[PDB]
Structures are given as structure tokens and as C-alpha cells.
Amino acid sequence: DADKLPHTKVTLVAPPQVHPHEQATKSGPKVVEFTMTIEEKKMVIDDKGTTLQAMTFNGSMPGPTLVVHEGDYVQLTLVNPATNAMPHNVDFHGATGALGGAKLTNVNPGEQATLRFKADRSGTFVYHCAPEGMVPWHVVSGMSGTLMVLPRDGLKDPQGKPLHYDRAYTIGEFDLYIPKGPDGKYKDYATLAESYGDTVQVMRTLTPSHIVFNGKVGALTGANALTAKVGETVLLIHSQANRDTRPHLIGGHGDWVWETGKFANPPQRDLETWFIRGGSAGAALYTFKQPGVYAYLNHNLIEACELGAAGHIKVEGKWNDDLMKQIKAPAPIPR
Amino acid sequence: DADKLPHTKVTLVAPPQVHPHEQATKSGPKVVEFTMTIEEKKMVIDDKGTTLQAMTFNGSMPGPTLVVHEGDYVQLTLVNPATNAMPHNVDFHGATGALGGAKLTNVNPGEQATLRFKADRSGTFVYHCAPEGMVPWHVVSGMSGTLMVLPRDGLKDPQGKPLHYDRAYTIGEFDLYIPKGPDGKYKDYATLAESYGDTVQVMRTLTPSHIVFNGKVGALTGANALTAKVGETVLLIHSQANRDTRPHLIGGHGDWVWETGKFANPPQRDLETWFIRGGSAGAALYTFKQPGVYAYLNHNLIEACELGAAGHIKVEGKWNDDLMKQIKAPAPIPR
Amino acid sequence: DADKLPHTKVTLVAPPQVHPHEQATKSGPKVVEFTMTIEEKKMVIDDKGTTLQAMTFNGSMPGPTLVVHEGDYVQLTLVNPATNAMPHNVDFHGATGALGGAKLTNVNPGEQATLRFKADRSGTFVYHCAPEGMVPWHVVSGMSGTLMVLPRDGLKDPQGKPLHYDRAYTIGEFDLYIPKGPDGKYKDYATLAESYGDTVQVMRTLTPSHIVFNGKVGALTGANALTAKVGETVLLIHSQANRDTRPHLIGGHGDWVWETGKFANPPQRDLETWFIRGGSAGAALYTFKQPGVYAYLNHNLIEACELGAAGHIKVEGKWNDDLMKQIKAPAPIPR
């Protein structure tokens, strides 16, 4: 009975970071309390000034990652401020019943509600908005994120030996469907409501206009590139609430990967490219062995390089000539 | 030698049901005898009166599920009545040789034939029509179903412990390619033959017009919704003979899933969303813990909600507040 | 330290064959030396005279398969002759650092370079060209192949028992994006450079014009069909550097399959259809039990039968009536 347990309150942080948390823990079950506030807003999604009439949990695409341990209870307060135009809700794939919670969290502008569910299954799980009659529209306009339910004794390899990460990043991949006018330029809308009909027509073609990580082309590059060091193990959580994607780390590997994202299954090792099913989140570990700027991307290279699904990881430390060496630099073909 | 064994005759039932059968069995191998009759017919596939010039095994999309045990022999009589216009055949992925049987079962209108093969591999396997030169056309017009070959001692979990289901349902997902005229409305054809050329042109775009479960938008909803009870374990067999799909149960999980559909491999647990490769059938178990109406759908939500790939499961029993509770119903944001 | 070890030199062969090599080996680590030469050339890709302005390693699509053992070092000399127009490089997914080697192998026409890396992970891995700013273009015009890193003691099943193949074939699948003119016919270009802009526009639609095995429609059919005998085990290596595919052997199975292509993971058994993620190579074993001509194909049957992704395997030996028998040949439905 959950009414007996202690409560904790967690303060969420914005992607790509994930809020501090323990992996293996001595602590017993708790009710973990979270709050998120919906923000509808217009966002610029590319380097030519294209806009999206977006919908977000807590102002970001994706929404923040919530982290609990298996056996915990998640207690979410969801707030839809009066500054918004649309009703919203939440479906947690990690939850059991009532369409993931959607049936109990229908909130019109100016309202709020509070849901509890048992996080009884370990893994990374998508959450998303699911208003009746307009589910795909809210999802593809940005209303999704990840719940990570860690096993109480931390992650394990196929032989039951312990695994860990020194640092975690969360990547949400968003297939966008931005309409164009008769002139061939993307339309800019005044309100969310006025984008709907043209957007549905684009959706039905199944061809995204843009595919972005974390809300925009180049979100995870330059000053916003991800960071690590030789010797550090990173966990890359990758969510795609609507469409398949195939994550790859260029110059690296997936050392241990749960592509279906469920920690009670053995992970696979040495992956070049893994597969996130639309409607799921997965997770990969990698320990950096070389310094440099890596790219992390969807390995449909058109989706990555033309449509936007790629970021950078900047890695510090010493080059290792045993792993890789330039034996002869580019030079003329001998006469 | 198969000529020594006893024979049985099975009476098929229409999807979503599956014919009665045992899981683990004391009985030894048999020759299991089936018969199916091809019906070409025009079908209405959506709520605005769109028609498909369809082709079916036994009058349904999908065709009926055939269930045997590993080591059995499947003996199929395939009948193509003179009321049909086209030649047809059958390729069983569960079989070995002669292109799955297609080379031995070429039947013109007014003909019939009988094939035997050993069901020597456990799993769910697609069967489909495969006439030389027009294979994709017969498949996407509806000529596919599932053979389920159960291990002789029933299903097992990764540690070799027994698994079972209390009730089985079969779902065939069909990507349809219905042409449109110059006015933008879908074409209605007088005969099967006259649909061919326009349909090929749509196929080559790789963009379905509709994606449906069991032959039509909403086939598995309302009076035709699937049913279960809290405490009951259901097996969901999902076939897709031509295109990938990503099954999800909203408010539930895949407790044990063979996404590649082959029972001698360990299943994965706790899945939110699984993946059926085009050209395969997979199978998932789930034990219901909450009552309510669930949706089972392809989690490309555009394919589900716009194009038709979704059904309902109505579940009876008692709500469980430990799994999920509404702590505060939707109410105004406190002043 | 790699500078201590003996060197070997391997002579590559053209696909679908793979250069002679041992599976399990008594021999210790070596530096294995390879060389490949880039050839840009116009190729005819279908039976109506459509051309592609192609780019290749060693004149073939795919490039040749390189085979080493885990612990070896791969030493590649990459040559870009002055007869070519574009700069090129190589990214080995099997390697660690410097974007797979791409940063160290930038070679303009008339230049060459030599790279070394440790093949420290077992599996089949894609390699491809990756020039900065035009990565998808070089890949989809044909610049990819497979590195196979065999475990030092050969392949193993899930229980650690030995597996082997008697013969290996390499299949590269290429999604092509050939532009059309206002008349609806495919464009024929005079140079590689002049194809670029129109090709990018087609790429962005995500809809290939053709999908071919080994550079053309029907490459692996007729005189070029693959061959085997009843009793022989074949390994089918399948690479797709940009787009997903779903290999199937019609009339056969995947007996043992590493669909993610990494040999330190247990393989799955009895597959009808497996899944190669874009950006990866996978590998399947099958032991032939029936003679005949088999088709090996991408089981999106539109992609196979309309767009070109299918080949043939011609198999010699004796029919087995226990596996499959025609009980009654096609005959009139009894009066």
C-alpha cells in the first residue's frame, strides 16, 4: 500500500541534461513527486527561420526526463496554464491502466491535475500528450519525453555483472510536418489553431519536412554540443514517440544497448547502429577511448544530414595510436 | 516417414478468433488437414465508402490462422473456384522448399490442389499468395495470414519456465494503395483486372492510402472490439506480409514478446512497443491488471489515427489503486 | 603494441564473392594489409537503360568485403586516382576514433593515404565514404561495403557450440535517387558534378527510384545467380549503409542470424525475415535442405519486385518428400 511510504520531491532539469539521481541504491520505495507545466509556443526550428507552432511539456522539446527506481510511485502534477489555447493530458507508457493516465489527466486551459502510478517495470519509457481526436498532432508538435525506471540494484550485463554510467544525456527526436504555400516557402502561422488543417495534410503524406534532435536543426552542436572525456562512460537515452530512428555514434559504438529500452532484458554489445521503434525510448552505454568531436545521428544519412537529425559530442583526452594510427598522410600517388 | 502417422482435420474460424487447439500436448505428431477457398471481392474499407478490389483466403483479411505443433505435417487443400478471375497459389514461410509451396499450388479458376509440408520450426509465420509476376499486388490486396507452430511442450520464458495464454487473437495489418482520380476522390473499379495498372503506380510511391487491421478502418472497434478480463493472459498474433509495423497496447505492455515471432528464441519482457518486420508475424503475451477499453495500435500515430491501423480491447474487472490512482482530479490552478 | 606483429597482405575479390579466409584459427594477431582504388563511373542500373552517376570503392557496388579476425589490425591503403573529379575518404564503423577514419583519409584526386586501426570488436560492420558536407550523396551513389571481423575461435551459437559456413556471399543493398525531367523520363547526366543538385532534391523526398542489390536490377540473377548444394551452409552478409531492409530467403530460413551483425551476441534461430538497420551490416547462416532456385529479397515486396531489391540462389541436390510433398497436383474441383 503506497499511502504508507515516504515522499520525495524532484526538481527537473532541461534536456539534454538529466536531473541528479542514484543508480544502484540502498534506499527502499518512495512516492516521487514531480510537476510539469505545459507551454504552447512558436519556435524557430532551422537556420533559415522556419517556424513551428509547437506544444511542450515544461517549455522544451523533448520534455524533461523523469528518473525513479523500480518499485517507486510516480506522482505527477500536470499544469495547463490559462495562457494556453488547447486541452492536454499525459499517457505514460511506463504506467498500467486508463490509457497510460490520459483518461485521468484531461486538463483544459487554467486547470491542473495530479496522477499516481506504480513504476513496477524497469526501462526507459515514452510519455506523451494524447487528447482524444488529435493525438498525432500534439505528439508531432513536441509533446513527449522519457520516464527512466532504474532497477533498484542498478544496470546489469547479460551475465548479471554490474554496469554503470558516469554521465547521462537525453535526446528526443522529432519528425516535423511543416506545410508550404503555393510559392514553395514554409508557412508561418499566427496561432496554433490555424496550423492544424494544413499540418494534417502534410502528416498524411508520411514525409517529414524536418527531423530534429531537441527541437531544432543543430540544437546539440557548437556551444550546445554534448561533452565527455576519455575514460568516462555516458548513457544516451533516445526517445521517438511517433517514427522509427536508427542511432549511431560516428567513431564510436554502442558498448551495451537496450534498443527496446527495457532493463530486465540482456543488452546487446558492440553495436554500430541500433533501432528505436516509433513509440519507444531506448538506451545505450559507451566508454570513450579517443578524444575528438564525435557525431551522434540517425543513420538514415538523408534524415541526419539533410533533414536535421544529428548532434555532436566533444571529447577530451589523449589519442591512442594502438586503436587508430595514420600510417601515411594523404600524399601524391608515387610516380 | 509421414505416411505412417494419424490424420486430424481442423475446422478454421474467422479472425480475430483462432480455432481451438492445445498448447503443451501429450499427443505425438500428426498430419493436420486444412482447407481454404479463395474469394476475390470488392470490399468497403473506410467510413466514407472507399472500396478495394480485394483478394482473400476464405473471405477474410487476414486469412484464418492455422495452428499445429512442432513436428506435425500441415496438409492444405487450396481451392480456387470458377467464380474468380485470377490464378493464385500459396507460399508458407513456415515451410521448406519450392518457394514455400508456391511452385506446387498454382491454381487457375475452377482448380484445386493439395500440399504437404513438415512444420519443423516453432513460431508464427506468414503465408501469402505469390503468383509469378504479380506478387506484391496479390499480397497488398489481402492474400495473407498466419501459421502458428507451437512447441510440443508449450511456450517458455528465457529461463525455460512455462508460459501460456488463456485466449488468442489474430490481427493482420494491411497497407493499402487505393488510386485517386483527377478530382482527388478514390477510384471505384468495376472489376479486379481494371484496378491493376493504377494500383501499381500508387505502390511504387511507397505511400499507403490506408493502413487497416483486419480489412477496414475500425474493424476491431464497437461491437467487434476484442475482449478480456482482469487476470486473463491474451496472446496477440500480429502479421504484416509487406511493410513494417510497431504494435503497442495503450495502458498496457508486452509482458513476453517474440517480435521476430520464433518460439525457440527467448522472448523479451516489459515492452512498450515492439516491431514486426514486413514479411513476418510476431506474438505477444499480456495479463490484464486493470479494466477499461484499451487501444491496440501501430505506434506511428499517423498510420494509426489518420490511416486506420488501430483497434480496441474491452476489459472487465476491478480497478487497482496501487497500480494507478487519480490523486487530484482536474481543477482550477489555485489562486 | 602493433609495431611488433607480423604483416600479411590480402588480395580482395569482387562481390558477391568474399576473399579466402579461415574461420576459427590457431594463428595469433597480425597487421592485415589491404588496398582499394576509388572509381567514379556512369553505370546502367536497370533493364530500360537508366543510368546512375556512381561512385565506387574498387569499381563495384558494394565495395569488396574485408575479412580479418578479432585482435588483428586493419591497414588500408586508399587511392584516389587523378581520373576522378571528387575528394573521398573512408569511415569504418568497426574502428575507434577520428570519425571512423574519415578525418585521416581525406584524399583529393591524384592522392593516396594509409590508415591503421585495431579490429577489436567482432561482427560485420559497414564502411563508407564520408566527405564533409556531402556525406549522403557519396553513400547513396555507391560508396560502401563491409568489414567482417571474425572471432578468433570462429562463430558460436547461444549455448557456445560451434557454428560455421561452407561458403560466404556479400550483398550490398542500395537505395537510389535518380531524377526525372519534365517529360517523366529519368535524366542522363554528362558528369558526376551535374547530377548533384537534382539528386539532392529527390533524396529529400525519402522515396527511392530504384533499390538494387549489387549495383543493378537483376545483378544476382541468371548467369550471375548465387549457387549452393543441399547440405552446404552459406553465410549471407547484407549491408545497407543508408536505409532499413528486411532480408528473406523464399523457401528457406535464417537458421542462425545476427541481424545487428555483432558476433559476441547470441544469434536468433528459425527466422523467416530479419532486419538490417540503415547504417549497419548483418549476417545469416542457412543450410540448404531442398534443391531449386530460391529468391533472396527485401520483404517489402514493392521494394523487391517493383524497385529491384531481389536476387536468386540456384541450389543442386535431391528433393525431400518428408519436408515437402505435392499430394494432389492442380486439378479441376470435383463435380
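Lettered A, B and C in written order, each chain numbered from 1.
Here is the rule we go by: contacts are C-beta pairs under 8 Å (C-beta built on N, C-alpha and C of every residue); 3 or more make two chains touch, one makes a residue touch a chain.
Contacts between chains leave no pair untouched here, as each chain touches all the others. When chain B is fitted to chain C on its Cα atoms, the angle of the rotation, on a 0 to 180 scale and to the nearest 5, is 120 degrees. With each centre defined as the average position of its C-alpha atoms, the distance from chain A to chain C rounds to 32 Å. Looking at chain B, residues 207, 244, 275 sit in touch with two or more other chains. Note for the complex: chain C touches chain B at residues 207, 244, 246, 248, 250-253, 268-275, 289-290, 292, 294-295, 299-307, 319-320, 322-333.
The touching residues of chain A, when paired with chain B in their complex, are 1-2, 75, 77, 79, 81-82, 91, 93-108, 110-118, 120-123, 125-126, 130, 135-136, 139-140, 200, 203-207, 241-244, 260-262, 264-265, 275, 277-281.
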